[PDB]
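Q: Sharing a structure with you now.
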Amino acid sequence: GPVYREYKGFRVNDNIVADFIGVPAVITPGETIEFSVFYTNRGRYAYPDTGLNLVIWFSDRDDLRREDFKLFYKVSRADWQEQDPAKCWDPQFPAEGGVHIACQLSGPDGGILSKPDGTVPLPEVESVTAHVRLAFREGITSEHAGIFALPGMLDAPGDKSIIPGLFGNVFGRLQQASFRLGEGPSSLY
Amino acid sequence: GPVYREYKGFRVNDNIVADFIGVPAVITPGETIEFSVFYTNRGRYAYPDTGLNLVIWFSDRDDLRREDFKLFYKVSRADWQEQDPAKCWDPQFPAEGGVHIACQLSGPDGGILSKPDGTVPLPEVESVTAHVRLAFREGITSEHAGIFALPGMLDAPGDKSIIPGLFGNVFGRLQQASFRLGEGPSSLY
Amino acid sequence: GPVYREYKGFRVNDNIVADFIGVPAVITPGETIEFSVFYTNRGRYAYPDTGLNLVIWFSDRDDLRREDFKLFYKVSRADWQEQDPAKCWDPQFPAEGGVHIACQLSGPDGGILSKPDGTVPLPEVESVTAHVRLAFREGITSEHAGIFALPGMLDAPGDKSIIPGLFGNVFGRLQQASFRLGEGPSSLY
Ligand SMILES: C[As](C)(=O)[O-]
Ligand SMILES: [Cl-]
């Protein structure tokens, strides 16, 4: 069994990391972007079932909700699907301000790692990708926002997910992508 | 106290890492790009005050100076500001050629981690972001350049910065973004 | 001497890592992109000779070959060159489908780390970059593809590369960039 750390009330294994590709540092309100994100087993313990969670957070306003953006994704080689608003955590409000909306992006990966019983085990060195399509509705903006990739794992076969709407009873290392939702930079020269 | 390694006579804690988002691999001279960069406490020691440093480096020429580019930044949810040329290191000249221009991008983060006395403590798992607007003047080019993100920390409360013009008496893990400054690639097909 | 783990019968040192800059999450068939990728020594053991390997992989088809894309690269401040198809591994076919084409992108870096004898030693904290130009021929597509950065090292000076066509008898930590080859996302709103 692997070593867990505690963060808030949850168990975190830093050996399950996540990487982003193609997140722009500025997103235009109303426009659709596609990026990729994948979590990888940098440890020696094979997890029996895994799935990605994504957290969308605005630091400078607290009114953003799941319905304020459109979110589609595809697990590795499987087909695209719309992210399910019922597979989300309720909005969380940090003590310093803002709001984050955590979304579950789990499911079979097209027969690369996934098994007939539906699990997506993560042997060492292996990875699972979500290709993600994201768009924020027009008229909403943020000057310091981010996406966090939160890998979710089931520690033992037949474990239950611990956060309502998210995948996993233990979690991997949070990965960040900071951006602004608004207008691009004016010329400095 | 955390474990430091010595590198070029400075104290480095590899548990304070940095990530880049949105850096292009080719930058057009004269054009403004915006990217984000953030440092994260991946260790268990909470630093009492922290700030980011950025190094702009050209490997194939040594004539670049701070005056050859315009640089603005914004710490997390604080306001945009112009980077201060007096809050920069003197040009450094590696033995193999080229020049590094080390720039301090510190300050309050808009009250997320920062405190009324101006300090930015970095608890574990926490991060601080700089949104960065950058443009190199027209007529300057480089075929192998990069930005290095150098997190700076004050190890104990009331410590003084050790590199004149930069923030910190100890430093985090150097993170790199390599790019060309010049023209994009012609179509290979 | 460093600690190796075994992976598919090869020796891997996770302290030699790789990072990507500017890989887009969607690449258009026929269009040329340029990105950079660099491997960094995050350990304390200096390797006497190093070189990057790049793997192009399609998960959803197995007919892709080295001839189906154009690949040029440049080691740090050395000159651009075309990747040599004879310095490639034979196509590898995972049992679950798809194909991987592993390509050697080694050589001197313009005298930054490289020495007159042609070797590229990698001291601690140091790094080697490849600027990469990549284009897939028109009419070929993939819904889940990626680039893997496989650092190659020689553990000892008189060691020989262990995979025909790739650099190294030991290898670093695999780094991934997942993308689709095809059309960008249509508007969700
Ligand atoms: C209540 As609303 C403006 O977040 O859809
Ligand atoms: Cl956009």
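Residue numbering restarts at 1 in every chain; chains get A, B, ... in the order shown in the structure tokens, and ligands count up from 1 in that same order.
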For residue 151 in chain C, work out the shell of residues within 10 Å, counting only C-alpha atoms and skipping chain neighbours fewer than 2 positions away, then give it as a compact mmCIF listing (two decimals) with N, CA and C atoms, in the first residue's frame.
A:
```
# COMPACT_ATOMS: atom_id res chain seq x y z
N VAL C 12 15.47 2.69 -16.35
CA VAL C 12 14.92 4.04 -16.35
C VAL C 12 15.35 4.75 -15.08
N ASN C 13 15.88 5.96 -15.23
CA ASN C 13 16.21 6.86 -14.13
C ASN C 13 15.21 8.02 -14.18
N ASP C 14 14.28 8.03 -13.23
CA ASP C 14 13.23 9.04 -13.18
C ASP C 14 13.76 10.43 -12.84
N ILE C 16 15.93 12.06 -14.67
CA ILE C 16 16.15 12.78 -15.93
C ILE C 16 14.77 12.96 -16.55
N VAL C 17 14.21 14.16 -16.41
CA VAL C 17 12.85 14.42 -16.81
C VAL C 17 12.84 15.20 -18.12
N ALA C 18 11.65 15.37 -18.69
CA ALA C 18 11.48 16.12 -19.92
C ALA C 18 10.24 17.00 -19.81
N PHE C 38 12.60 19.74 -23.78
CA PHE C 38 13.92 19.74 -23.19
C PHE C 38 13.94 18.75 -22.05
N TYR C 39 15.07 18.08 -21.89
CA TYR C 39 15.26 17.19 -20.76
C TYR C 39 16.24 17.83 -19.79
N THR C 40 15.99 17.61 -18.49
CA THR C 40 16.68 18.29 -17.40
C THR C 40 17.15 17.26 -16.39
N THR C 50 24.27 12.20 -23.47
CA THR C 50 22.81 12.21 -23.45
C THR C 50 22.26 12.62 -24.81
N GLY C 51 21.02 12.22 -25.07
CA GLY C 51 20.32 12.66 -26.27
C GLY C 51 18.83 12.38 -26.24
N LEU C 52 18.03 13.24 -26.86
CA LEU C 52 16.58 13.09 -26.77
C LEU C 52 16.08 12.05 -27.76
N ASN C 53 15.09 11.27 -27.35
CA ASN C 53 14.31 10.46 -28.28
C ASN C 53 12.87 10.93 -28.24
N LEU C 54 12.22 10.95 -29.39
CA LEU C 54 10.82 11.35 -29.48
C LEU C 54 10.01 10.21 -30.08
N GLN C 104 15.12 9.26 -33.00
CA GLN C 104 16.28 9.79 -32.30
C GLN C 104 16.53 11.23 -32.71
N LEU C 105 16.55 12.13 -31.73
CA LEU C 105 16.81 13.54 -31.97
C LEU C 105 18.00 13.99 -31.15
N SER C 106 19.16 13.39 -31.38
CA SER C 106 20.34 13.66 -30.58
C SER C 106 21.32 14.54 -31.36
N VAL C 128 19.08 20.11 -21.92
CA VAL C 128 19.29 20.13 -23.36
C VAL C 128 17.93 20.29 -24.02
N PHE C 148 5.74 11.41 -27.05
CA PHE C 148 6.44 11.08 -25.83
C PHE C 148 7.90 11.49 -25.94
N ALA C 149 8.39 12.19 -24.93
CA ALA C 149 9.79 12.54 -24.84
C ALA C 149 10.49 11.49 -24.00
N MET C 153 20.32 8.32 -22.17
CA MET C 153 21.61 8.60 -21.55
C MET C 153 22.52 7.40 -21.73
N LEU C 166 17.80 4.39 -31.53
CA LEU C 166 17.57 5.38 -30.50
C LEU C 166 18.85 5.63 -29.72
N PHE C 167 18.90 6.76 -29.02
CA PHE C 167 20.07 7.07 -28.22
C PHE C 167 19.89 6.55 -26.80
N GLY C 168 20.91 5.85 -26.29
CA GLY C 168 20.97 5.50 -24.88
C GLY C 168 20.95 4.02 -24.56
N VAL C 170 20.37 3.60 -21.09
CA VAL C 170 19.40 3.84 -20.04
C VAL C 170 18.56 5.03 -20.47
N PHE C 171 17.43 5.22 -19.78
CA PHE C 171 16.49 6.22 -20.24
C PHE C 171 15.94 7.00 -19.06
N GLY C 172 15.43 8.19 -19.38
CA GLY C 172 14.87 9.08 -18.39
C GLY C 172 13.37 8.89 -18.25
N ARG C 173 12.76 9.86 -17.58
CA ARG C 173 11.34 9.77 -17.30
C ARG C 173 10.56 10.19 -18.53
N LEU C 174 9.73 9.28 -19.02
CA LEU C 174 8.85 9.56 -20.15
C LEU C 174 7.94 10.74 -19.84
N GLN C 175 7.86 11.68 -20.78
CA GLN C 175 6.94 12.80 -20.71
C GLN C 175 6.01 12.77 -21.92
```
Q: Give as JSON, numbers by chain every residue of chain C that touches chain B within 10 Å, counting only C-alpha atoms.
A: {"C": [19, 20, 21, 22, 23, 24, 30, 31, 32, 33, 34, 35, 36, 37, 38, 39, 40, 42, 69, 70, 71, 72, 74, 75, 76, 77, 78, 79, 110, 111, 112, 113, 124, 125, 126, 127, 128, 129, 130, 131, 132, 133, 134, 135, 136, 137, 138]}
Q: If you run DSSP on this backbone, which residues of chain C come out as strand (DSSP E or B), and could you give them as number ranges by chain?
A: C: 5-7, 10-12, 16-21, 26-27, 32-41, 47, 49-58, 69-75, 81-82, 88, 92, 99-105, 122, 127-136, 142-154, 170-171, 175-181
Q: If we count only C-alpha atoms and set the cut-off at 8 Å, which residues sit around range 118-120 of chain C, ignoring sequence neighbours fewer than 3 positions away in its own chain? Please answer as JSON, numbers by chain.
A: {"C": [48, 49, 50, 51, 107, 108, 109, 113, 114, 115]}
Q: Mind listing the residues within 12 Å of ligand 1, only C-alpha atoms and all ligand atoms counted, as a list in words?
A: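 Every residue with an atom at most 12 Å from ligand 1 is listed here: residues 61, 62, 63, 64, 65, 66, 67, 68, 69, 91, 99, 101, 136, 137, 138, 139, 140 and 141 of chain A.
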Q: Print the selection's residues with N, CA and C atoms to a file, as an mmCIF file, in the first residue's frame.
A:
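Listing of result_33.cif after writing:
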```
data_model
loop_
_atom_site.group_PDB
_atom_site.id
_atom_site.type_symbol
_atom_site.label_atom_id
_atom_site.label_comp_id
_atom_site.auth_asym_id
_atom_site.auth_seq_id
_atom_site.Cartn_x
_atom_site.Cartn_y
_atom_site.Cartn_z
ATOM 1 N N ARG A 61 -14.348 36.420 -8.112
ATOM 2 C CA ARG A 61 -15.795 36.498 -8.050
ATOM 3 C C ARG A 61 -16.270 35.123 -7.624
ATOM 4 N N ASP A 62 -17.469 35.088 -7.064
ATOM 5 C CA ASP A 62 -17.984 33.869 -6.464
ATOM 6 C C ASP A 62 -19.305 33.440 -7.088
ATOM 7 N N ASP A 63 -19.702 34.052 -8.205
ATOM 8 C CA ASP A 63 -20.994 33.777 -8.816
ATOM 9 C C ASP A 63 -20.968 32.697 -9.897
ATOM 10 N N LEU A 64 -19.792 32.250 -10.334
ATOM 11 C CA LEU A 64 -19.710 31.229 -11.369
ATOM 12 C C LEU A 64 -20.323 29.917 -10.887
ATOM 13 N N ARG A 65 -21.081 29.267 -11.765
ATOM 14 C CA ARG A 65 -21.692 27.971 -11.480
ATOM 15 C C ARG A 65 -21.464 27.018 -12.654
ATOM 16 N N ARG A 66 -21.845 25.749 -12.466
ATOM 17 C CA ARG A 66 -21.629 24.757 -13.514
ATOM 18 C C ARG A 66 -22.316 25.161 -14.818
ATOM 19 N N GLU A 67 -23.533 25.697 -14.722
ATOM 20 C CA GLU A 67 -24.319 26.121 -15.869
ATOM 21 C C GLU A 67 -23.717 27.311 -16.609
ATOM 22 N N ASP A 68 -22.668 27.931 -16.092
ATOM 23 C CA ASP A 68 -22.115 29.072 -16.803
ATOM 24 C C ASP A 68 -21.096 28.672 -17.856
ATOM 25 N N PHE A 69 -20.824 27.382 -18.023
ATOM 26 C CA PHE A 69 -19.888 26.932 -19.042
ATOM 27 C C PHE A 69 -20.373 25.618 -19.633
ATOM 28 N N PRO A 91 -20.751 23.940 -5.550
ATOM 29 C CA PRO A 91 -19.742 25.007 -5.489
ATOM 30 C C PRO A 91 -19.102 25.103 -4.114
ATOM 31 N N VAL A 99 -14.853 31.095 -5.938
ATOM 32 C CA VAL A 99 -15.635 29.855 -5.960
ATOM 33 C C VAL A 99 -14.961 28.853 -6.890
ATOM 34 N N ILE A 101 -15.711 25.047 -8.925
ATOM 35 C CA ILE A 101 -16.671 24.073 -9.409
ATOM 36 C C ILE A 101 -15.882 22.864 -9.885
ATOM 37 N N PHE A 136 -16.871 29.148 -21.792
ATOM 38 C CA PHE A 136 -17.618 29.956 -20.839
ATOM 39 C C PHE A 136 -18.631 30.818 -21.573
ATOM 40 N N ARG A 137 -19.827 30.944 -21.001
ATOM 41 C CA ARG A 137 -20.851 31.746 -21.660
ATOM 42 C C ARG A 137 -20.393 33.189 -21.753
ATOM 43 N N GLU A 138 -20.874 33.879 -22.784
ATOM 44 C CA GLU A 138 -20.565 35.289 -22.932
ATOM 45 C C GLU A 138 -20.994 36.077 -21.698
ATOM 46 N N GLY A 139 -20.353 37.221 -21.516
ATOM 47 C CA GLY A 139 -20.720 38.106 -20.441
ATOM 48 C C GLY A 139 -20.224 37.706 -19.070
ATOM 49 N N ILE A 140 -19.435 36.643 -18.957
ATOM 50 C CA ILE A 140 -18.783 36.321 -17.699
ATOM 51 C C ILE A 140 -17.277 36.415 -17.915
ATOM 52 N N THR A 141 -16.586 36.989 -16.925
ATOM 53 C CA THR A 141 -15.167 37.302 -17.014
ATOM 54 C C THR A 141 -14.497 37.066 -15.670
#
```
Q: Rounded to one decimal place, report the CA of residue 55 in chain A-CA of residue 103 in chain A distance in Å.
A: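 These two atoms are separated by 5.9 Å.
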Q: Between CA of residue 15 in chain A and CA of residue 85 in chain A, what is the spacing in Å?
A: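 Spanning CA of residue 85 in chain A to CA of residue 15 in chain A is a straight-line distance of 28.7 Å.
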